[PDB]
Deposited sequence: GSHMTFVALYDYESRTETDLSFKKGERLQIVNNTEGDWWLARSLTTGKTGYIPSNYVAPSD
């Protein structure tokens, strides 16, 4: 129940392995970088964990 998060800020991907997202986008979490799946786009990639907070 605790592995869904919401983006607190916009983030633009820098590399081939990170995931861009918009503030308010929800991310399912599959360290400082977490593997996540966007619940908007379905794309998977790494996100900065400090940019997201738990979402119920």
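Undergrad: Mind pulling out the bits of the deposited sequence that never got modelled, as residue ranges from 1?
TA: 1, 32-35 are the stretches of the deposited chain that have no C-alpha coordinates in the structure.
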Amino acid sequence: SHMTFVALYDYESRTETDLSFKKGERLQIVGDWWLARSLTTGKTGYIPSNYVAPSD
From here on, numbers count along this sequence of modelled residues.
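Undergrad: Tell me which stretch has the larger mean Cα B-factor in this entry, 45-53 or 2-10.
TA: According to the entry, 2-10 carries the higher average C-alpha B-factor.
Undergrad: Where does the C-alpha B-factor of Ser38 rank in its chain, lowest, middle or highest third?
TA: It belongs to the lowest third of the chain when residues are ordered by C-alpha B-factor.
Undergrad: Taking only the Cα B-factors deposited for this chain, tell me whether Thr15 sits in the lowest, middle or highest third.
TA: Its C-alpha B-factor belongs to the highest third of this chain's values.
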